[PDB]
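**Student:** Handing you a structure now.
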Amino acid sequence: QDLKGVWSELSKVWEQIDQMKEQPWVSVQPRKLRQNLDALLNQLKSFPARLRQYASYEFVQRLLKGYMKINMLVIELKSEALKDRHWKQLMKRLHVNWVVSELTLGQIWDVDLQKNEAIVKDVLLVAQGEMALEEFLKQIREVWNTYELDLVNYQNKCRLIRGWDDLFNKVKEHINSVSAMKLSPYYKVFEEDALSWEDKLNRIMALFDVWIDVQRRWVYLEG
Amino acid sequence: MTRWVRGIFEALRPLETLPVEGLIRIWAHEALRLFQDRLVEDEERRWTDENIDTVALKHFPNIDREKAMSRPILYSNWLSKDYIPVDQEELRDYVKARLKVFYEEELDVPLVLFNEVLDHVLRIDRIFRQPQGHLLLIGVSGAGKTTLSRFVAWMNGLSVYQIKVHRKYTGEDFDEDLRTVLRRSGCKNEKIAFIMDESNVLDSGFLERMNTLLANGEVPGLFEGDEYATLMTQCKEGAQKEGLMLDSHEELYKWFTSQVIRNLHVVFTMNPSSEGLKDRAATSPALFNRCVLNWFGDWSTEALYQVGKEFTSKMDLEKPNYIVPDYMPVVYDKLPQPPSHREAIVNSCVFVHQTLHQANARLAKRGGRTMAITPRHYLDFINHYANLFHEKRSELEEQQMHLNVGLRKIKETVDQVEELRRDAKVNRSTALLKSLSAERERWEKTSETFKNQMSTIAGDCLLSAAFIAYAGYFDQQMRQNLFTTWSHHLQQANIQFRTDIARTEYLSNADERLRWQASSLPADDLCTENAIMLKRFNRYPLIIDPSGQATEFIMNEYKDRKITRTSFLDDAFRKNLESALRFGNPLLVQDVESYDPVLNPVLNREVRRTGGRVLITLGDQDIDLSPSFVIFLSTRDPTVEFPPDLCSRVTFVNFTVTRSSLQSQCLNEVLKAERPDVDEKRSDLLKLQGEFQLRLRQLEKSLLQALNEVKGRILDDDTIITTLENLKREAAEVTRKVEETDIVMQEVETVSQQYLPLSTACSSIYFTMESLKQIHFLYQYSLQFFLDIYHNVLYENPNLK
Ligand SMILES: Nc1ncnc2c1ncn2[C@@H]1O[C@H](COP(=O)(O)OP(=O)(O)O)[C@@H](O)[C@H]1O
């Protein structure tokens with residue numbers, strides 16, 4: 001009857017939902033997920049009103065609407081900011097036991113993301129801050145492994161160094177940034193790297209402060 | 001006229017059979033797109049529009065002018081092809097669909113399609129689909145220049161490329177960027193929409209190279225040396241791709257020239273400035289010869305109304321009780337009659353924008369300093385309206401839910417005490433029952449008050465948002481005048497708002513004001529209102545103060561958040577910016593008159609959320625952004641003029657003392673130190689707008705918490721009623737205050753009127769001392785000096801004893 005038909009349509013919709021949920025979270029595309037959600041919503045809306053008045057159909061429709069409204073949270077979680085430490089942290093807060101390799105969209109959809117929106121947003125902001133700090137560390141490393149001294153010939157007698165001003169500005173910029181990076185409590189992660197980089201920068205600062213004076217005195221006395 | 005001929009030929013080429021009416025239509029459309037395109041004001045536009053049809057009918061009779069010359073003249077090749085004329089609505093639908101697709105791609109911020117946006121999109125598309133079709137755009141900031149340029153460029157496949165200007169932006173940097181963009185355009189055959197604002201155009205060194213690039217089609221000498229060798233080397237591969245085998249260097253350079261001319265469209269965005277535009281013409285003629293220019297200034301009334309309607313669809317604003325007033329104040333002529341409540345609210349918003357235009361024009365006529373008012377301010381206003389409406393509605397709903405929970409708890413406890421009476425104690429139980437019944441009736445009255453506030457919330461939030469977003473640069477008197485005008489308008493429209501609304505109380509609470517007074521924020525009303533402005537902001541506030549109390553106050557407020565100080569003149573400013581931009585701390589900035597355009601990405605709040613990372617394009621460097629980053633711009637000079645670009649991206653917070661602010665401050669001090677009873681009554685009147693009510697609700701919540709510990713032990717003496725007698729006498733006190741509020745208002749008005757002449761004398765004396773500096777350079781006096789004199793008069797006065 002009509003009840004049997006709506007039950008069959010419900011079974012088909014649930015099978016489609018399970019099939020799209022079997023996709024592992026590593027291989028899930030948020031944009032394609034949203035497109036498939038919209039397609040499923042359009043398919044549901046194609047049902048007759050008599051089948052649409054059933055309670056189970058309403059429950060599945062509101063579940064898919066909840067998935068639609070949390071699609072933005074899925075996009076935000078599907079960043080690289082999460083690392084795995086923040087994933088471990090949210091695992092600890094939400095008291096769920098998953099496997100990172102075996103992670104798929106299904107278990108996390110079973111977890112009420114809307115109810116835990118505050119925790120999820122806090123995790124996201126923490127991840128963004130830690131990524132900001134880590135990207136700053138990557139930037140300092142890559143600029144300080146690629147920086148070269150601007151050597152220039154001098155009277156065919158030696159090869160001196162110019163560009164003291166720009167190098168000194170870079171060094172002071174980086175030392176002040178690292179020193180200020182002790183605050184912003186996210187510093188509790190990646191602290192030994194920060195200390196080593198600060199020590200190296202201070203060594204550079206002192207060595208080149210002595211170097212500039214030695215070069216100036218030597219060129220003056222040479223003349 | 002030669003571009004007129006070229007346009008007519010281009011439109012007529014794909015078509016083979018056209019009656020005379022079609023030819024006249026194409027001719028009129030080209031006349032509109034070439035002549036009336038460049039005009040500024042409305043009178044000249046109407047003149048041109050009428051003269052086009054007059055000439056058409058005079059030189060072409062016997063034709064039907066309706067089809068030949070129609071008011072909504074529009075041409076596009078998107079609908080079908082062959083540049084067929086299109087009706088406005090079909091193109092509207094097509095642009096809506098393509099804009100939705102654009103939304104899924106980029107620029108998730110919504111756009112509202114009124115007629116002006118449709119026309120400008122059509123014009124920009126027409127200019128882009130043309131070899132060497134450079135474009136100039138002249139219009140007020142926020143009118144939709146960069147957004148529509150980028151939208152049209154993306155629609156036609158043009159890949160936008162905009163340079164980011166900053167301090168010490170040397171010419172060699174622009175040379176490198178020009179080399180990069182030329183290589184991307186000509187060598188790789190990738191079409192580019194190169195967009196330049198006015199901040200980087202200010203320096204004339206760049207404009208000469210850009211002039212040469214515009215006129216010649218490619219600036220000679222930008223490639224020279226090894227970079228020139230790389231140019232030719234990659235140009236050989238470019239010719240390989242197109243199958244145009246050439247070996248001589250000059251000929252492949254000419255091919256690169258042809259590729260650049262064919263595949264580079266440059267759009268300029270310039271704010272309206274007669275003298276500025278004259279200087280641009282002086283330094284470059286091709287900006288007006290090579291570049292066809294389009295003018296679109298302030299949004300029309302229809303545009304403002306449509307934007308307001310589209311941005312207030314989410315909020316309720318649906319009152320089935322709203323009626324249509326006789327003589328509805330209409331600033332939008334196409335309002336529905338009868339209008340709905342949402343219709344009236346959007347009309348009131350449009351009126352608020354237009355009346356701020358009128359106030360600014362009047363103040364300019366008077367000869368004072370005026371700040372530009374742009375549609376970006378309108379968007380900021382509508383955002384504040386939405387946010388305040390949602391916040392206040394949520395607070396009211398939560399408070400009503402709390403009251404309902406309390407009522408259910410009291411009903412259950414009444415049933416419990418009846419059951420305990422079922423089994424001198426009985427008299428105490430009867431007293432408790434009567435007391436609980438009285439408190440229940442009081443909570444029913446409180447529910448009625450909740451309904452009244454839910455009624456007034458819409459208009460109250462509208463006025464509060466209009467104050468918090470639009471005003472802020474004017475003095476106290478002008479703010480009061482604008483608020484009175486808005487209140488009178490809403491009173492005309494039968495929009496419910498409390499007639500004695502106080503801006504300071506409804507946009508804050510007691511704790512925030514106490515915290516502000518803990519810092520170096522004086523109790524002056526202007527300072528409290530501007531602290532309200534500083535707490536809530538969508539655009540980053542720009543504080544102006546000749547006294548410097550702002551800097552100390554704002555550093556004390558954010559001292560717990562490792563705030564830092566930095567000036568524009570300091571060469572480390574970019575330095576500090578980067579730190580504050582990634583490590584997540586506020587950074588107050590001073591001396592804004594020497595504004596550095598490098599802050600433009602930060603003020604615009606334009607961020608890119610890619611690769612698990614949010615990025616801000618600080619100059620030519622991409623920087624991680626932290627969500628906890630609030631920036632405050634400050635200046636000590638109060639008479640400095642700001643460019644319209646800066647004026648349209650920040651909310652102004654004025655701390656200058658004028659003839660009206662000091663008057664009110666001195667009158668308040670007189671009342672406080674001379675009639676303490678009157679000042680106490682005035683404070684009670686001011687706190688009656690929620691603070692006493694908030695205390696009452698907190699106290700009934702405390703009663704709820706104490707009663708939750710019931711366990712039959714509530715009948716220790718069978719009168720826990722002493723706490724509710726405390727509540728009952730407090731409620732009687734607040735009820736008495738509300739009942740006699742009119743008499744208190746009248747008495748405060750009379751006392752303030754009696755003490756006013758002393759305040760006027762104080763203000764005049766202080767301003768005379770301030771302006772004595774022109775008599776001699778030695779006669780310099782500060783406001784603190786006048787306040788010391790005033791305190792020596794009010795206190796430690798032997799004569800008063
Ligand atoms: N038709 C519209 N509907 C809604 N919002 C708009 C519309 N046009 C412009 N806006 C908003 O106003 C702003 C206009 O900025 P824009 O004028 O391009 O900057 P600039 O003044 O530097 O050219 C955009 O950020 C956009 O969000």
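The chains in the structure tokens are called A, B, ... from first to last as shown; in each chain the residues are counted from 1, and the ligands are counted from 1 in the order shown.
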For ligand 1, list the contacting residues at 6 Å or closer, counting only C-alpha atoms and all ligand atoms, as a ChimeraX atom specification.
**Tutor:** /B:109-113,117,141-147,376
**Student:** Using only C-alpha atoms, select each residue of chain A with any atom at most 6 Å away from an atom of chain B, and give the selection as number ranges by chain.
**Tutor:** A: 79-81, 132
**Student:** Keeping N, CA and C atoms for every residue in the selection just given, could you write it to a file as a compact mmCIF listing (two decimals), in the first residue's frame?
**Tutor:**
# COMPACT_ATOMS: atom_id res chain seq x y z
N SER A 79 40.14 20.64 7.11
CA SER A 79 41.29 21.49 6.83
C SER A 79 42.57 20.68 7.01
N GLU A 80 43.72 21.34 6.95
CA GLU A 80 44.97 20.72 7.38
C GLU A 80 45.37 21.31 8.73
N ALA A 81 44.61 22.30 9.20
CA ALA A 81 44.87 22.89 10.50
C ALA A 81 44.71 21.87 11.62
N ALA A 132 49.17 28.92 12.34
CA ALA A 132 49.82 30.21 12.13
C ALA A 132 51.24 30.19 12.69
**Student:** Name the residues in contact with residue A:66 at a cut-off of 10 Å, using only C-alpha atoms, excluding same-chain residues fewer than 4 positions from it; report them as a VMD selection string.
**Tutor:** chain A and resid 60 to 62 70 to 71 109 112 to 114
**Student:** Would you kindly return, as a list in words, each protein, DNA or RNA residue with an atom no farther than 10 Å from any atom of residue B:255, considering only C-alpha atoms and excluding same-chain residues fewer than 2 positions away?
**Tutor:**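 Contacts, in chain order: residues 186, 187, 235, 238, 239, 244, 246, 249, 250, 251, 252, 253, 257, 258, 259, 260 and 261 of chain B.
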**Student:** Keeping N, CA, C and O atoms, export the residues of the selection given above as a PDB file, in the first residue's frame.
**Tutor:**
ATOM      1  N   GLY B 186      50.836  38.112 -22.129  1.00  0.00           N
ATOM      2  CA  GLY B 186      51.235  37.899 -23.506  1.00  0.00           C
ATOM      3  C   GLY B 186      51.862  36.550 -23.782  1.00  0.00           C
ATOM      4  O   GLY B 186      51.478  35.866 -24.737  1.00  0.00           O
ATOM      5  N   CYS B 187      52.832  36.155 -22.956  1.00  0.00           N
ATOM      6  CA  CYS B 187      53.571  34.924 -23.215  1.00  0.00           C
ATOM      7  C   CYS B 187      52.673  33.699 -23.101  1.00  0.00           C
ATOM      8  O   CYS B 187      52.640  32.854 -24.003  1.00  0.00           O
ATOM      9  N   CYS B 235      58.944  33.720 -25.077  1.00  0.00           N
ATOM     10  CA  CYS B 235      58.133  34.114 -26.221  1.00  0.00           C
ATOM     11  C   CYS B 235      58.282  33.128 -27.369  1.00  0.00           C
ATOM     12  O   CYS B 235      57.335  32.916 -28.134  1.00  0.00           O
ATOM     13  N   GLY B 238      55.936  30.502 -26.515  1.00  0.00           N
ATOM     14  CA  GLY B 238      54.598  31.013 -26.768  1.00  0.00           C
ATOM     15  C   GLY B 238      54.218  30.937 -28.235  1.00  0.00           C
ATOM     16  O   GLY B 238      53.099  30.549 -28.579  1.00  0.00           O
ATOM     17  N   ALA B 239      55.148  31.304 -29.119  1.00  0.00           N
ATOM     18  CA  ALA B 239      54.909  31.165 -30.552  1.00  0.00           C
ATOM     19  C   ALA B 239      54.820  29.697 -30.954  1.00  0.00           C
ATOM     20  O   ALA B 239      54.095  29.346 -31.891  1.00  0.00           O
ATOM     21  N   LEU B 244      53.140  29.856 -34.778  1.00  0.00           N
ATOM     22  CA  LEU B 244      53.463  31.104 -35.465  1.00  0.00           C
ATOM     23  C   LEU B 244      54.983  31.274 -35.511  1.00  0.00           C
ATOM     24  O   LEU B 244      55.531  32.302 -35.117  1.00  0.00           O
ATOM     25  N   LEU B 246      58.571  32.021 -35.594  1.00  0.00           N
ATOM     26  CA  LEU B 246      59.318  33.232 -35.889  1.00  0.00           C
ATOM     27  C   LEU B 246      60.633  33.162 -35.125  1.00  0.00           C
ATOM     28  O   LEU B 246      60.699  32.580 -34.039  1.00  0.00           O
ATOM     29  N   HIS B 249      64.270  38.569 -33.289  1.00  0.00           N
ATOM     30  CA  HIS B 249      63.866  39.042 -31.968  1.00  0.00           C
ATOM     31  C   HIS B 249      62.798  40.124 -32.060  1.00  0.00           C
ATOM     32  O   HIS B 249      61.828  40.116 -31.292  1.00  0.00           O
ATOM     33  N   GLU B 250      62.957  41.067 -32.991  1.00  0.00           N
ATOM     34  CA  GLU B 250      62.010  42.173 -33.087  1.00  0.00           C
ATOM     35  C   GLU B 250      60.622  41.691 -33.495  1.00  0.00           C
ATOM     36  O   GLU B 250      59.611  42.190 -32.989  1.00  0.00           O
ATOM     37  N   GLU B 251      60.547  40.710 -34.397  1.00  0.00           N
ATOM     38  CA  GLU B 251      59.243  40.249 -34.862  1.00  0.00           C
ATOM     39  C   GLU B 251      58.509  39.473 -33.773  1.00  0.00           C
ATOM     40  O   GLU B 251      57.294  39.627 -33.603  1.00  0.00           O
ATOM     41  N   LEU B 252      59.227  38.643 -33.012  1.00  0.00           N
ATOM     42  CA  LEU B 252      58.578  37.952 -31.904  1.00  0.00           C
ATOM     43  C   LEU B 252      58.231  38.920 -30.780  1.00  0.00           C
ATOM     44  O   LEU B 252      57.245  38.710 -30.064  1.00  0.00           O
ATOM     45  N   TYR B 253      59.008  39.994 -30.623  1.00  0.00           N
ATOM     46  CA  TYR B 253      58.617  41.058 -29.702  1.00  0.00           C
ATOM     47  C   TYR B 253      57.318  41.716 -30.150  1.00  0.00           C
ATOM     48  O   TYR B 253      56.457  42.037 -29.325  1.00  0.00           O
ATOM     49  N   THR B 257      53.766  41.930 -28.323  1.00  0.00           N
ATOM     50  CA  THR B 257      52.975  43.154 -28.254  1.00  0.00           C
ATOM     51  C   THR B 257      51.526  42.904 -28.651  1.00  0.00           C
ATOM     52  O   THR B 257      50.598  43.375 -27.981  1.00  0.00           O
ATOM     53  N   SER B 258      51.315  42.178 -29.749  1.00  0.00           N
ATOM     54  CA  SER B 258      49.957  41.875 -30.192  1.00  0.00           C
ATOM     55  C   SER B 258      49.215  41.039 -29.159  1.00  0.00           C
ATOM     56  O   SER B 258      48.037  41.288 -28.872  1.00  0.00           O
ATOM     57  N   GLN B 259      49.893  40.043 -28.584  1.00  0.00           N
ATOM     58  CA  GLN B 259      49.274  39.221 -27.550  1.00  0.00           C
ATOM     59  C   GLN B 259      48.905  40.053 -26.330  1.00  0.00           C
ATOM     60  O   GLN B 259      47.832  39.869 -25.742  1.00  0.00           O
ATOM     61  N   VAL B 260      49.784  40.973 -25.931  1.00  0.00           N
ATOM     62  CA  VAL B 260      49.510  41.816 -24.772  1.00  0.00           C
ATOM     63  C   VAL B 260      48.319  42.725 -25.037  1.00  0.00           C
ATOM     64  O   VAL B 260      47.421  42.856 -24.198  1.00  0.00           O
ATOM     65  N   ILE B 261      48.290  43.366 -26.207  1.00  0.00           N
ATOM     66  CA  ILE B 261      47.185  44.265 -26.528  1.00  0.00           C
ATOM     67  C   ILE B 261      45.872  43.494 -26.590  1.00  0.00           C
ATOM     68  O   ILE B 261      44.832  43.972 -26.119  1.00  0.00           O
TER      69      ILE B 261
END
**Student:** Please, what distance in Å, to one decimal, runs between atom CA of residue B:89 and atom CA of residue B:102?
**Tutor:**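 Those two atoms sit 19.5 Å apart.
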**Student:** When you look at residue B:410 with a cut-off of 8 Å (counting only C-alpha atoms), what residues show up, excluding the ones that are within fewer than 4 positions of it in the same chain? I need them as a PyMOL selection string.
**Tutor:** chain B and resi 406+414+436+440
**Student:** Could you please take those selected residues and save C-alpha atoms as a JSON list (two decimals), in the first residue's frame?
**Tutor:**
[["chain", "number", "residue", "atom", "x", "y", "z"],
["B", 406, "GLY", "CA", 10.27, 30.01, 37.73],
["B", 414, "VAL", "CA", 2.33, 25.81, 45.91],
["B", 436, "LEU", "CA", 3.39, 33.03, 46.85],
["B", 440, "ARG", "CA", 2.83, 34.78, 41.04]]
**Student:** As a list in words, please: the residues near stretch 190-204 of chain B (cut-off 6 Å, only C-alpha atoms, same-chain neighbours under 2 positions excluded).
**Tutor:**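 Counting only the stated atoms, we get residues 158, 159, 160, 161, 162, 165, 185, 188, 206, 207, 263, 264, 265, 266, 267, 268, 269 and 270 of chain B.
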